[PDB]
There are 6 protein chains.
Amino acid sequence: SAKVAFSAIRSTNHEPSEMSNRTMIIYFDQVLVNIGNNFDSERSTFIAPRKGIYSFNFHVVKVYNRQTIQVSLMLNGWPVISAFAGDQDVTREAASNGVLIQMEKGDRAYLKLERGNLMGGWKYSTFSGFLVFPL
Amino acid sequence: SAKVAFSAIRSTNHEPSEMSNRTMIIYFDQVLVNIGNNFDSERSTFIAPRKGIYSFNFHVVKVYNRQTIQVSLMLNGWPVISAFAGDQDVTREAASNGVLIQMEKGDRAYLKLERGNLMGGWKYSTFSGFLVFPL
Amino acid sequence: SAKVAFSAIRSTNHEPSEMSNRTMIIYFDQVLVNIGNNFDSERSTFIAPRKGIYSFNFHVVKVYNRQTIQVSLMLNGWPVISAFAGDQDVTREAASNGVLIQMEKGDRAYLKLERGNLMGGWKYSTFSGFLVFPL
Amino acid sequence: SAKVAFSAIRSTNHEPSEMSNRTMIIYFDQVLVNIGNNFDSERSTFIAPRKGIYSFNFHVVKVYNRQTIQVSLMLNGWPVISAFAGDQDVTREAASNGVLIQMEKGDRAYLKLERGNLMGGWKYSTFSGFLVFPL
Amino acid sequence: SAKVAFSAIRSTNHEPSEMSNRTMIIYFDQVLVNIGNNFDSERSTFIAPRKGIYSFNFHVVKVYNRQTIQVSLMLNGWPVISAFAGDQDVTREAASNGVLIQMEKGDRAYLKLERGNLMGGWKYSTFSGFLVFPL
Amino acid sequence: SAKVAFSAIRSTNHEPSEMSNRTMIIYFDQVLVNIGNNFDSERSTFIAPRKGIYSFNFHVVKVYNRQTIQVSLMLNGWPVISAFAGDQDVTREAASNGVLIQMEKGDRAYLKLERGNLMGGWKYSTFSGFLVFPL
């Protein structure tokens with residue numbers, strides 16, 4: 001099975017859970033796609049089923065909360081790429097980035113909030129990825 | 001044929017047509033890619049040729065027009081994801097987002113302007129997508 | 001071999017080289033992925049190994065430097081898509097865009113800074129791409 | 001035959017055809033010169049009969065129509081050079097530019113309206129070119 | 001002798017002569033080029049020495065004089081192409097156009113002011129042409 | 001070799017270099033044509049390879065910058081022809097002119113900004129020329 005893909009979104013204004021405050025992980029409640037069921041909705045983490053090249057993209061949308069944020073794509077607890085978002089009232093803005101990375105089986109991919117907070121929710125945020133090809 | 005991909009751009013400053021004002025659909029005049037010819041340039045809509053997981057990305061670039069906008073990726077008249085863009089003069093900014101979604105044959109994908117307008121044109125805007133794998 | 005993919009990042013605050021000032025090319029020092037070794041790290045250019053549809057994405061992250069920038073994806077010295085980024089101190093912002101394009105063998109893909117400069121470095125910038133399918 | 005040259009003008013106030021609105025191509029009804037008959041009056045396109053260096057010049061004259069325009073010289077669907085024209089009532093003004101380019105046989109040259117419209121006609125507009133020398 | 005070319009400019013602020021008012025011909029006092037001596041400086045007219053395709057270009061620069069002008073390239077007393085120039089104080093503007101035309105021996109080419117006047121002079125105006133190839 | 005031709009354009013919004021401020025020379029970064037390699041891109045100067053009649057054309061496109069400009073075609077540090085452009089916001093306008101001149105070997109041709117500045121860039125500007133015939 002060379003078919004692996006997942007897609008998740010934040011569909012609500014809901015505030016960060018007390019757990020979110022501790023782990024600093026960005027959680028996505030609604031899963032649009034999860035072929036291979038390799039994405040754990042509960043922990044919002046992608047566990048690679050096999051060795052290959054994976055694509056990842058994320059858009060974290062925040063609102064005016066007196067904070068500037070930094071979102072990082074994590075690989076086994078280590079940051080790979082980062083995105084930023086300023087603070088202003090006129091509109092929502094998104095911390096967006098994406099990358100291709102090689103992963104081995106059991107490698108964990110997820111989003112962590114390196115700075116600031118997501119008070120006011122992070123509705124419309126998106127996190128998706130898929131296996132480009134195995135190795 | 002598991003090869004399906006399209007890519008379109010807004011190559012001009014030209015203003016929204018009277019039709020654009022009615023349908024609120026964002027139109028792309030120039031098509032860089034359209035394998036399978038599943039992208040209708042006239043209506044700027046992607047019709048899925050088969051059941052599978054599709055990837056979508058869009059960047060809608062606007063200019064200072066006294067308006068803040070919201071672009072949404074539509075699936076059969078229903079919003080899937082959204083992007084936003086504030087209003088200021090110093091630079092152009094883009095409403096960008098992307099997602100993986102499952103589609104069946106005859107499902108329609110396109111961009112709709114949920115709020116604000118694109119007076120001053122939306123040149124440099126991009127909309128692309130491809131079949132990741134069928135199902 | 002239908003497996004082709006590359007991924008590069010700017011991992012440092014380091015200033016533009018004197019060469020960067022001349023060629024206006026955006027350079028990425030660290031390569032996360034380079035299957036097929038079709039990405040030349042030295043010139044930060046992707047040379048297509050065969051005819052097919054390729055995907056490209058880039059995020060150029062700049063800091064407050066009194067300048068507004070424009071990054072363009074180049075194809076054989078011709079711009080395909082562009083991205084912009086304003087100037088303010090509260091946060092970093094990114095010039096981001098992406099597209100699917102058809103390339104033939106020996107076609108060159110790379111990023112050029114059409115306007116402004118990247119004084120203060122362009123750390124956290126990303127540039128990636130892969131062969132979706134050959135033709 | 002190293003003798004190749006064409007010259008065309010817009011001799012009337014007539015409005016853009018419904019076709020013009022779709023293709024965004026600027027059409028010239030009257031042909032003053034067409035040695036080698038390499039200029040297609042119907043599509044207002046120059047098809048190079050051989051490899052060489054060609055000269056091109058164009059003046060697109062518009063009237064007060066509430067629009068600002070941008071005319072581009074196209075080479076196989078790609079812009080080479082561009083010209084602009086503001087909007088005011090006191091006089092007609094022209095979007096003018098010219099260039100020398102290398103073309104191979106079967107290369108297509110024509111003018112496209114990148115932005116705005118030519119309501120009120122584009123009378124007195126001119127488009128001409130010739131083979132400087134072959135290669 | 002297939003070498004034929006001329007180039008003339010208006011090098012002074014000087015007003016239109018009483019003769020200019022009658023004939024409506026635009027005169028150029030200084031001749032930069034006149035190979036074949038086929039350009040008559042006195043009457044500012046090009047007399048074709050042989051049958052061939054000739055290129056012509058002109059830029060008539062006027063100043064704020066309460067008038068809008070129209071310059072036409074004349075061929076044996078008949079207009080071929082025209083150019084226009086509005087009226088405003090902030091800058092000089094030019095009535096510019098150019099064309100390739102077939103001429104026979106003894107055919108006369110010159111510029112005529114179809115409307116308005118050139119009070120305030122037409123300094124920096126240019127008129128040039130050359131034999132592209134004979135027939 | 002009677003084949004000599006060059007063509008250059010300003011392809012970016014980029015501001016005048018500190019060097020531009022000193023020398024007042026208008027620089028063109030992108031070269032479309034340079035047969036005989038007689039055009040020096042670095043100094044944006046054409047050095048005649050032989051004695052003959054050369055054609056020159058230029059369009060310098062500026063934006064609203066609170067300044068009115070004057071561009072002159074220079075021959076060995078001496079002005080030959082000039083063009084002007086007013087200041088207004090509704091559109092870009094171009095300082096355009098052209099001429100045929102006799103040059104000897106080692107004669108230098110280039111564009112100089114006689115007045116005003118090109119803040120806001122001079123994108124879409126064009127400068128081209130070719131040997132009509134030798135002498």
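Throughout, read-outs are computed from the coordinates displayed, never taken from laboratory work. Cβ placement follows ideal geometry from the backbone for every residue including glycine, while neighbour counts extend to all protein chains displayed.
Projecting 7 Å from Cα along the Cα-to-Cβ direction, the label point of B:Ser1 sits 2.9, 2.9, 4.0, 4.8, 6.5 nm from its equivalents in the other copies, listed shortest first.
Each of B:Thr23, A:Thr91 has some number of other Cβ atoms within 10 Å of its Cβ, and from fewest to most they run B:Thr23, A:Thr91. Mean per-residue shielding of peptide F:31-40 is 2, counting Cβ atoms of other chains within 10 Å of each Cβ. For A:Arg108, the point set 7 Å out from Cα toward Cβ sits 4.4, 4.4, 5.6, 6.7, 9.3 nm from its twins in the other copies, listed from shortest up. For a straight C-alpha distance cut-off of 25 angstrom, the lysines reachable from D:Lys3 (same-chain residues fewer than eight places away being disregarded) are D:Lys51, D:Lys105, E:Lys3, E:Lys51, E:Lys105, F:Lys3, F:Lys51. Taking the Cα atoms of chain C, the ratio Rg/Rh between the radius of gyration and the Kirkwood radius comes to 0.97. For the segment B:16-24, counting C-beta atoms of other chains within 10 Å of every residue's C-beta and taking the mean gives 0. Footprinting exposure proxy ranking of F:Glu114, A:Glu42, F:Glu104, fewest other C-beta atoms within 10 angstrom first, gives A:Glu42, F:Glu104, F:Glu114.
The alpha carbon centroids of the stretch B:1-76 and the stretch F:15-51 are separated by 41 Å. Straight-line cross-link reach from C:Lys112 at under 19 Å between alpha-carbon atoms covers these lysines, not counting any fewer than eight positions away in the same chain: B:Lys123, C:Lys62, C:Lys123, F:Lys123. In chain D, the beta-carbon sitting nearest the axis that superposes D on E belongs to the residue given here with its distance in angstrom, D:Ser96, 3. Comparing the protein assembly as shown with the 2.2 N^0.38 Å rule of thumb, its C-alpha radius of gyration ratio is 1.03 (two decimals). Each of A:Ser20, C:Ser17, E:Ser82 has some number of other Cβ atoms within 10 Å of its Cβ, and from fewest to most they run C:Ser17, A:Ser20, E:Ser82.
How many Cβ atoms of partner chains, on average, are near each residue of A:47-54 if near means within 10 Å of its Cβ? The per-residue average across the peptide is 2. For the protein assembly as shown, a crude dipole built from +1 on the beta carbon of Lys and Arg and -1 on the beta carbon of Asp and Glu, taken about the Cα centre, is about 1400 debye to the nearest 20. Computed from phi, the 3J(HN,Hα) profile of the stretch B:2-19 under the Karplus parametrisation 6.51, -1.76, 1.60 (θ = phi - 60°) reads 9, 9, 9, 6, 9, 8, 9, 9, 9, 9, 9, 5, 3, 6, x, 5, 4, 5 Hz, with x in place of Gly and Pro. What does DSSP give for the protein assembly as shown in terms of the percent of beta bridges that are antiparallel, rounded to the nearest 5? Bridges in the protein assembly as shown are about 100 percent antiparallel.
Can you give the longest run of chain A that contains no trypsin sites (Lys or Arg not before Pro) sitting in a DSSP loop with at most 15 other Cβ atoms inside 10 Å? Numbers along the way, then the final one.
On the way: sites that count: A:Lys3, A:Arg43, A:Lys51, A:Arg66, A:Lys105.
No qualifying site falls inside A:4-42, the longest such stretch.
From its DSSP helices (H runs of at least four residues, each -39,500 (n - 2.57)), chain B gives a residue-normalised ellipticity at 222 nm of -1000 deg cm²/dmol.
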